[PDB]
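> no FASTA, just this:
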Ligand SMILES: CCCCCCCCCCCCCCCCCC(=O)OC[C@H](COP(=O)([O-])OCC[N+](C)(C)C)OC(=O)CCCCCCCCCCCCCCCCC
Ligand code: SF4
Ligand code: SF4
Ligand code: SF4
């Protein structure tokens, strides 16, 4: 029945990808004195169905100067990635308990840059070429802060096994030991994230990033007998983070590129190095090095 | 057996969705190199969580610190000599 | 206790639109559910609040 | 009966097409800033759900609002070409409808009709917010009464 | 009388620089931005339900035009042609004729609704209050020909919109 | 009848604020830093 478990994950995540959009528009709506989708079905419950089947009935126009092969495989990778990093999440018990789950999460999430890079190239337009160039450099700039934060975070965890994160936190949320890193981590997650697909690809990244941040910094207690306790806690924590993720979507003017690079390489990277230096010696400092096994 | 099975079904649903979708109806290169050089430095300091459980931990602390000091020096140099500042 | 009164005042709100069918009617026909005092009736069925 | 099925599939498809438009707005004149006043909280043109900008390719209805001069004449027609089907345009305001206050001017095409075909004619100078939102509702009902799948089966 | 908008200098005492360093290192003015919109989130919306209720208007509202008539039912227009002369977009085209009875009223009255600008000069120009703009604004169409009005359509609207026109002009003839 | 037009009340009107009412809220700069280490030191312990 293991295959059934995959569909018991991919589809609801796909629906979860579908259904937080109404949350977004109504949160973004009610924020600006507005109402959000509330006329199509009760409180816009059927609004996601109101757009999806319309989109699939819309003809997918293709640019004349577009390489079809790349134009159709770039979304293939984009969706394939966006629904793959959901598999090793230590949600109650992960589908895959890869001993190197954190590395697998990073390598495969850093692969998303290919989709946007190919989309700009395959589209073959002046707008698409720069937009791909801007998006990728913004993205490829920000794994170095991503990797260091996660690396330095995991010194006090014990290994890259994502299931071990629960044991590490247990007593207190792990933010209380690395809250300078949490703001370091959370901000970096904002910027790293056919056309019908591209909704799904980046969007699962939005929730999973917050799901990834949820387990990493704000853990829960996984009772061996009853697993529903971790389920509710995990969902509630990743909902609060995502609401915050859209809380800041309509609360700041968007970053400009020169500051976007300046913010990292001159005010985020050097501080990330110091915290990593702080969190590499502190387990040694207090003889609190964790067990890998 | 299990791993590629999960990968296979993941792309397959990605395949069926897109298939029905299109059948039913100097500065930029500069930092990109610096990121490359930085990223390779990242891989060097990745095995640290296991390295924290060695018996020669005294020589680990100096060595592991040495990378971060030296990696920061590359950033510090790159910053000072124009460079890392967004070129035009 | 204000949550009780607020949750309370949503219930005769349901009774205000007749029964359950009436409330489902107004919600699915207008997406507004708040009831108001009757003011008058035209010769069309255009009932007013 | 196949006729009943094609009717139900017709109803299912356009119910989305009458509830999920995306307006590519052409900000030209006082009718254009008046649109953004409709998207303001007082009227909430996003509650039905159509996004205020919607981008070129991510758009269904192109609201032609403002005076349409020959300066913009080829730019809009090339844009209308790039708008994917099903595409509709709602000529807003007297200037875009027939020319309005500049009908006899030397540098304006008399009416947006002469450039592109229009589904809904909302009048006003400028039309009041709901007076165009009603026009959007009129376009909404215009989508309800189409026989796309029905005509195909009939053929 | 002039007021500077940016001449404040930051004091270099330890307290102020601590405020500045605390401001940027751990963001506070940005968090204040979060707090403001959060209060906005827990506030009532100002979004009305159309067409279940619409924004308020005024008795002076100018909208869809409509000729009127006397209590006898006799038309008010006398083809004095004032409205055509003042019509700034020349949307008024009228032709008079010696009507058989002898009252000699207009034969043609075409309002080019897509040329009009709803300026309200037509109603104030008329000396007998014949042409007025009704408070209607939901009279859109799918055809250009529908917008081009004529005497028959204008008379029909006056027969249709009569309660509002009589009442609005009753609340306004002292004002103008 | 006497002249009646849109006129202000005889006391004119109530005062209307116009200056900047930006609120002075928040604890001291050292206070944020002091708790920040306080939670941290609790964290590693
Ligand atoms: C014993 C203690 C050991 C550890 C001590 C650690 C040092 C003491 C604490 C240092 C400060 C706190 C940690 C670092 C924070 C970032 C530092 C930094 O560069 O700041 C200035 C930076 C840059 O500010 P700047 O660009 O104006 O100025 C930087 C300095 N110059 C001018 C020289 C470049 O601030 C930002 O980047 C602003 C925010 C950008 C993102 C926009 C969204 C913000 C959303 C905020 C609300 C949500 C927060 C969620 C948090 C996580 C929740 C799970
Ligand atoms: S119809 Fe009137 S309001 Fe609209 S663009 Fe023309 S002049 Fe401006
Ligand atoms: S409101 Fe219209 S019909 Fe009347 S004078 Fe002005 S342009 Fe002419
Ligand atoms: S509508 Fe009034 S102003 Fe115009 S021709 Fe008739 S009487 Fe004269």
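Looks like it arrived, so ask away. Numbering: from 1, shown residues only, chains lettered A, B, ... in the order given. Ligands and ions are numbered 1, 2, ... in the order given.
> Contact residues of chain F facing chain A?
F:36, F:39, F:40, F:42, F:43, F:44 (Cβ under 8 Å from any Cβ of the partner chain). For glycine as for every other residue, the C-beta is placed from the backbone atoms N, C-alpha and C.
> mind redoing it with 6 Å?
Residues of chain F found near chain A (Cβ under 6 Å from any Cβ of the partner chain) are F:39, F:43, F:44.
> ok, and the most crowded of those residues?
For these, neighbours were counted using other Cβ atoms under 10 Å in any protein chain shown, and residue F:43 has the most, 18 neighbours in all.
> what's it in contact with, if anything?
Residues near residue F:43 by Cβ atoms under 6 Å, 6 or more residues apart in numbering or on different chains: A:176, A:177.
> and the host helix or strand of it, how far from the chain's centre?
Assigned by DSSP states H and E, residue F:43 falls within helix F:29-44. Centroid separation for helix F:29-44 versus its chain: 28 Å, with Cα atoms, centre = their mean, to the nearest Å.
> wait, does that helix make contact with ligand 1?
Yes. Against ligand 1, helix F:29-44 shows contacts by Cβ under 6 Å from any ligand atom at F:36, F:37, F:40.
> count of residues packed around the second one?
For residue F:37, the neighbour count with other Cβ under 10 Å is 10.
> Now do it against ligand 2, distance only.
Note on residue F:37: its distance to ligand 2, by Cβ to the nearest ligand atom, to the nearest Å, is 61 Å.
> Going by proximity to ligand 4, name the top residue of chain B.
For chain B and ligand 4, the shortest gap (Cβ to the nearest ligand atom) falls at residue B:25, measuring 52.7 Å.
> ok, that residue - how many residues close by?
14.
> If we only consider the residues of chain F next to chain A, which is nearest to residue C:11?
Among these, residue F:39 lies closest to residue C:11 (Cβ to Cβ), at 44.1 Å.
> Skipping adjacent residues, who's closest to the closest one in space?
Here the nearest residue to residue F:39 in space, its sequence neighbours aside, is residue A:176; by Cβ to Cβ, 6 or more residues apart in numbering or on different chains that works out to 5.4 Å.
> Relative to residue F:45, how far out is the one you found?
Applying Cβ to Cβ, to the nearest Å, the value for residue A:176 to residue F:45 is 10 Å.
> now swap in residue F:1 and tell me
According to Cβ to Cβ, residue F:1 stands 85 Å off from residue F:45.
> burial of residue A:206, as a residue count?
A count of neighbours around residue A:206, defined by other Cβ under 10 Å, yields 21.
> typo on my end, it should be residue A:182
20.
> Tell me if it really is in a strand.
No. Residue A:182: not assigned to a strand; according to DSSP: H, G, I helix; E, B strand; the rest coil it is helix.
> wait, doesn't it sit right on residue A:218?
No. Here residue A:182 lies out of contact with residue A:218, judged by Cβ atoms under 6 Å, at a distance of 8.8 Å.
> Can I take it that residue A:225 is in a helix?
No. Counting by three-state DSSP, residue A:225 is not part of a helix but coil.
> Quick check on it: phi, psi?
Here is the backbone geometry of residue A:225 (degrees, to the nearest 10): phi -80, psi -60.
> Can you give me the distance of it to residue A:163?
Going from residue A:225 to residue A:163 by Cβ to Cβ gives 17 Å.
> between those two, which one's more packed in?
Ranked by neighbour count (other Cβ under 10 Å), residue A:225 and residue A:163 place residue A:163 first, with 19 against 5.
> Neighbour count: residue F:1 and residue F:45, which is higher?
Taking neighbours as other Cβ under 10 Å, residue F:1 and residue F:45 compare with residue F:45 leading, 10 against 3.
> Look up how far ligand 3 lies from the more buried one.
Residue F:45 is 79 Å from ligand 3, where distance means Cβ to the nearest ligand atom.
> which residues touch that residue?
Residue F:45 makes contact with no residue under the criterion Cβ under 6 Å, 6+ apart.
> same question, residue B:61
Contacts for residue B:61 (Cβ under 6 Å, 6+ apart) come out as residue A:284.
> which SS state does the nearest residue to residue D:30 once chain neighbours are set aside fall under?
Distances taken as Cβ to Cβ, 6+ apart place residue D:126 nearest to residue D:30, at 5.3 Å, with adjacent residues excluded. Following three-state DSSP, the label given to residue D:126 is coil.
> In terms of helices and strands, where is whatever residue of chain C ends up closest to ligand 1?
Minimum separation of chain C from ligand 1 (Cβ to the nearest ligand atom) falls at residue C:3, amounting to 28.6 Å. Under the criterion of DSSP H and E, residue C:3 resides in helix C:2-9.
> do that helix and chain E meet?
No. Shown here: helix C:2-9 not in contact with chain E (Cβ under 6 Å from any Cβ), separated by at least 13.6 Å.
> Now the residue minimising distance to the centre of chain C: closest residue in space that isn't a chain neighbour?
Central residue of chain C (Cα atoms, centre = their mean): residue C:35, 3.6 Å from the mean position. Of all residues not flanking residue C:35 in the chain, residue C:16 sits nearest, at 3.7 Å (Cβ to Cβ, 6+ apart).
> does that neighbour really touch residue C:33, like I thought?
No. At 8.9 Å, residue C:16 does not count as touching residue C:33 under the criterion of Cβ under 6 Å.
> any common contacting residues for the two?
Residues touching both residue C:16 and residue C:33 by Cβ under 6 Å, 6+ apart: none at all.
> Now do the SS call for the residue in chain D positioned nearest to chain C.
Residue of chain D nearest chain C, by Cβ to the nearest Cβ: residue D:47 (8.2 Å). Classification of residue D:47 using three-state DSSP returns coil.
> ok, so what distance separates it from residue D:60?
From residue D:47 across to residue D:60, the span is 17 Å (Cβ to Cβ).
> cool, and residue F:3?
As for residue F:3, its distance to residue D:60 is 57 Å (criterion: Cβ to Cβ).
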